[PDB]
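1. take these chains first, placed just as they are in the complex:
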Amino acid sequence: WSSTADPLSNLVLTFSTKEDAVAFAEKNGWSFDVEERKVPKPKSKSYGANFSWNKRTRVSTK
Amino acid sequence: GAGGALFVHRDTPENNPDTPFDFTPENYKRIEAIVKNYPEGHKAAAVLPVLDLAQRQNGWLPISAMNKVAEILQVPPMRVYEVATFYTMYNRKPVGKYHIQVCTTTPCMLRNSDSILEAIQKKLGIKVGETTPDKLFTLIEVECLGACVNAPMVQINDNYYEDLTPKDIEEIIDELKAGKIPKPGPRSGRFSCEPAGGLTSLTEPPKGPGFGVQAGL
């Protein structure tokens, strides 16, 4: 079986904002690394572009 | 019901990429004329006719013919395979000299297309979807062929034979296997889509160019 010796291997905490997590870590004395949230950028979708008269976006199959 | 024909190609001694196929020079001229009917930036539109031409030259479509069509038109082979498997008139397997197609949809079914199917089966001694040992005749069931007024009907090698009785189809088969060309169309003294007797419409002579043209024109 898989054996461990550290008691915090399963500890995961949930927070509403980054600032809340930072405050909790600071008041508990833990040094932390923060990663900014990654949000997918808005994209421009066009179903008509599948059948362009002169562009490369025209699809060869459906 | 079930289609019965697979849509996966497995290489075979008589159907493989090295099977010989090539267009004739006359067919190449016809292909050139076909491609000249579409805008210069869209040559894939010629896939449907050219593929058909290959079959008209070969009788069926080996994978070599599809590869040749794809190479000629600069289209990827998978697109040609897609077209060849989507459309039911393409033969991805050899067929007899005469391809017999019997419409069995409801308008033709109401006028006893089953008798025509049974007469063909009895005359040729083969099941639907089977090809005779001689190989001249191949039989299949098709959907509505657009001649429901003249029912029951049959299509043999892009020829329409209409208003069929079992005797009519027996004579058609007899003169087809005797090397003769049967007369296409109805077989009831009708020869068109008019009523069988009387000609209830269009009896008065048609009128000339300027019969009822409006003023100021």
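-> It's in. Numbers count the residues shown, from 1 in each chain, chains lettered A, B, ... in the order given.
2. so how far is residue B:4 from whichever residue of chain A sits closest to chain B?
-> Here chain A gets closest to chain B at one residue, residue A:60, 5.7 Å apart by Cβ to the nearest Cβ. In short, each C-beta sits where N, CA and C put it, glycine included. Counting by Cβ to Cβ, to the nearest Å, the gap from residue A:60 to residue B:4 is 30 Å.
3. leaving aside the residues adjacent along the chain, what's closest to residue B:196?
-> Closest residue to residue B:196 apart from its sequence neighbours, by Cβ to Cβ, 6 or more residues apart in numbering or on different chains: residue B:190 at 6.0 Å.
4. so who does that neighbour touch?
-> Going by Cβ atoms under 8 Å, 6 or more residues apart in numbering or on different chains, residue B:190 touches B:150, B:163, B:196.
5. pretty sure the last one contacts residue B:188?
-> It refers to residue B:196. Yes - Residue B:196 is in contact with residue B:188 according to Cβ atoms under 8 Å; the separation is 6.6 Å.
6. the more surrounded of the two?
-> Ranked by neighbour count (other Cβ atoms under 10 Å in any protein chain shown), residue B:196 and residue B:188 place residue B:188 first, with 13 against 10.
7. where's that one relative to chain A, distance?
-> Here residue B:188 is placed at a distance of 45 Å from chain A (Cβ to the nearest Cβ, to the nearest Å).
8. go on, residue B:202?
-> Using Cβ to the nearest Cβ, residue B:202 is found at 44 Å from chain A.
9. residue contacts, that residue?
-> By Cβ under 8 Å, 6+ apart, the contact list for residue B:202 is empty.
10. now do residue B:119
-> B:166, B:169, B:170.
11. so which of those residues would you say is closest to chain A?
-> Once Cβ to the nearest Cβ is applied, the member of the contacts of residue B:119 that ends up nearest chain A is residue B:169, at 40.5 Å.
12. distance between stretch B:160-169 and the chain's centre?
-> Offset of stretch B:160-169 from its chain centre (Cα atoms, centre = their mean, to the nearest Å): 17 Å.
13. how about that stretch: buried residues?
-> Going by neighbour count (16 or more other Cβ atoms under 10 Å in any protein chain shown), the buried part of stretch B:160-169 is B:161, B:162, B:163, B:164, B:166, B:168, B:169.
14. farthest pair in those?
-> Pairwise distances across those peak at 14.5 Å for B:162 and B:166 (criterion: Cβ to Cβ).
15. how about the nearest residue to the residue of chain A positioned farthest from its centre, chain neighbours excluded?
-> In terms of distance from the mean C-alpha position of chain A, residue A:53 ranks first, at 37.7 Å (Cα atoms, centre = their mean). Excluding the flanking residues, the one nearest residue A:53 by Cβ to Cβ, 6+ apart is residue B:41, at 8.0 Å.
16. could you do residue B:131 as well?
-> residue B:138 (4.6 Å).
17. can I get the CA coordinates of the helix or strand harbouring the one you found in CSV?
-> In this assignment (DSSP states H and E), residue B:138 forms part of strand B:137-142. Extracted C-alpha coordinates of strand B:137-142, given in CSV (Å, rounded to 0.1, in the frame of the first residue of the first chain):
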residue,chain,number,x,y,z
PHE,B,137,-28.7,-8.9,-64.4
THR,B,138,-28.6,-7.4,-60.9
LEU,B,139,-31.7,-6.8,-58.8
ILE,B,140,-32.4,-4.3,-56.0
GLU,B,141,-35.3,-2.5,-54.3
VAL,B,142,-35.3,1.3,-54.6
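18. throw chain C on there as well:
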Amino acid sequence: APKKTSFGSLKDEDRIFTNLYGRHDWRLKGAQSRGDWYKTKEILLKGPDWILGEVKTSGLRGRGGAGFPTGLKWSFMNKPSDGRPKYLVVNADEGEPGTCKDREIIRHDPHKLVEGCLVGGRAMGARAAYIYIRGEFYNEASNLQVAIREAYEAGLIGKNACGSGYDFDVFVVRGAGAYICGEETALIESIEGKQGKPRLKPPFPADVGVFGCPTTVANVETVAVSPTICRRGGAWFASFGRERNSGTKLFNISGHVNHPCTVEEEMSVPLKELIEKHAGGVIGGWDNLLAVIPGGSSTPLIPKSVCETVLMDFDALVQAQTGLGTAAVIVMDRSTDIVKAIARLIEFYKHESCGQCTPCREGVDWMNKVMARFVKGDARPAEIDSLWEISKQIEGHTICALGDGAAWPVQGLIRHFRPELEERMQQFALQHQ
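-> Adding chain C to what we have so far:
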């Protein structure tokens, strides 16, 4: 007496397709003899707006089967050019069971179709016309090509069509056995060398169509009646039929009739009068009638009680919950197994589905299996309601209207012949313990 109320008897002088039965020369000489290609130069020089106005005031609706107003649809293409060429696509696929009219139009007077192509292209400002003919109509396509060749040598089409200074081409493209390729977007996709799979709307063909260019897809009957409408006026065409149901129509009467045939008749003619006058009556007498499918396989069937007074136009058949469709009348007498007929239609739709979208691809096959079991009687009565719900889950949820055309016949059969299905299930249960 204005506002006629009884329709169904028009003489030959008011008929458009005067060579419907092929008793006169279909070549150019015969067409000119019958009034074709007459004063087309003046009509072309009247401008696209005049032609669109004549088509609008005519009240002509789409003869393909949907009945969309033709003038508005054609004027959707009356925009200024943006660089892309403009095209007219004529629909000649003719896949609906029971329908045979366009075949006769193409083979017996293709010059009407060619002149209609020219007039419609001028009205829409189209560079060329593409005619998508059914692949099984080889001889009809060859006749159309011969007529196009005669028109090209006569100067009626091509460079400087007639003397109008308008350049216009006509091309013939043949399909390869696909009913779904009759749908306008699937037809466009098949022209471009792809599988006959419909594309979603919007965009509509007037914005992005064949080769990504503005195009209009029109039925061959709609295109072919247009030059006559232009020559005789929209008022003459609108004098026939009820309001919003103007003009004449081709009817294909098939099934259990003494003389199955194709005729031209005024729109709002009653169904019984048409059947007993042009088709020789129902086999065995009118009292032998069981059911009628009035507008091709996609329309719901109606029992004999409804066919006594129903009229053959869009509105009256909509009020009868059946629709007009392609005006292809299929007659089933009292010796007909109605369940077997509807199951055969569902099998046709299962074999014609393109498979693109989930509801059609799965549900049509599901209903085919259910109806096959219904024919024998294996099912239980509750399944009937289930079947109804299944059809409701297909209709209005698919890319194209093929799903609707498969769902509607079972809805009609359940609506009008539920006791037949129930008694079939009863007999199957009683026979097999």
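19. ok chain C is loaded, check the buried residues of stretch B:160-169 again?
-> B:160, B:161, B:162, B:163, B:164, B:166, B:168, B:169.
20. what residues are up against the last one?
-> Residues counted as contacts of residue B:169 (Cβ under 8 Å, 6+ apart) are B:116, B:119, B:120, B:123, B:154, B:161.
21. max pairwise distance over those: which two?
-> B:123 and B:161 (14.1 Å).
22. how about the residues of chain A by chain B?
-> Neighbours of chain B within chain A, by Cβ under 8 Å from any Cβ of the partner chain: A:53, A:54, A:60, A:61.
23. 10 Å instead, please
-> Residues of chain A lying near chain B by Cβ under 10 Å from any Cβ of the partner chain: A:53, A:54, A:58, A:60, A:61, A:62.
24. out of the contacts of residue B:169, list just those in helices.
-> B:116, B:119, B:120, B:123 (DSSP state H).
25. any idea which of those is closest to chain C?
-> Distances from chain C to those, taken by Cβ to the nearest Cβ, are shortest for residue B:116, at 15.7 Å.
26. what's the neighbour count on the closest one?
-> With neighbours defined by other Cβ under 10 Å, the count for residue B:116 comes to 25.
27. pick out the residue of chain A closest to chain C.
-> For chain A, Cβ to the nearest Cβ, closest residue to chain C: residue A:53, 3.5 Å.
28. any chance of a markdown table for the residues of chain A next to chain B, columns distance to residue B:200 and secondary structure?
-> Output for those, formatted as a markdown table (distance: Cβ to Cβ, whole Å; DSSP: H, G, I helix; E, B strand; the rest coil):
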| residue | distance to residue B:200 | secondary structure |
| --- | --- | --- |
| A:53 | 50 | coil |
| A:54 | 54 | coil |
| A:58 | 52 | coil |
| A:60 | 52 | coil |
| A:61 | 50 | coil |
| A:62 | 47 | coil |
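29. let's have those in CSV, adding distance to residue C:146.
-> Shown next, in CSV, are these (distance: Cβ to Cβ, whole Å):
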residue, distance to residue C:146
A:53, 32
A:54, 35
A:58, 35
A:60, 35
A:61, 36
A:62, 35
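30. show me which of the residues you listed are buried.
-> A:53, A:58.
31. what number of residues lie near the residue of chain B found nearest chain A?
-> Here the residue of chain B nearest chain A is residue B:79; by Cβ to the nearest Cβ that distance is 5.7 Å. Neighbour count for residue B:79, taken as other Cβ under 10 Å: 20.
32. ok, the residue nearest to it when sequence neighbours are not counted - contacts?
-> Sequence neighbours aside, residue A:60 is the residue nearest to residue B:79 in space, at 5.7 Å (criterion: Cβ to Cβ, 6+ apart). Listed by Cβ atoms under 10 Å, 6 or more residues apart in numbering or on different chains, the contact partners of residue A:60 are B:44, B:75, B:76, B:78, B:79, B:82, C:192, C:193, C:194.
33. cool, residue A:4 as well?
-> Contacts here follow Cβ under 10 Å, 6+ apart; on that basis residue A:4 touches residue A:10.
34. most centrally placed residue in the chain?
-> Because you didn't say which chain, this covers chain A. The residue lying closest to the centre of chain A (Cα atoms, centre = their mean) is residue A:38, at 4.8 Å.
35. try again with chain C
-> What sits nearest the mean C-alpha location of chain C, by Cα atoms, centre = their mean, is residue C:64, with 3.2 Å.
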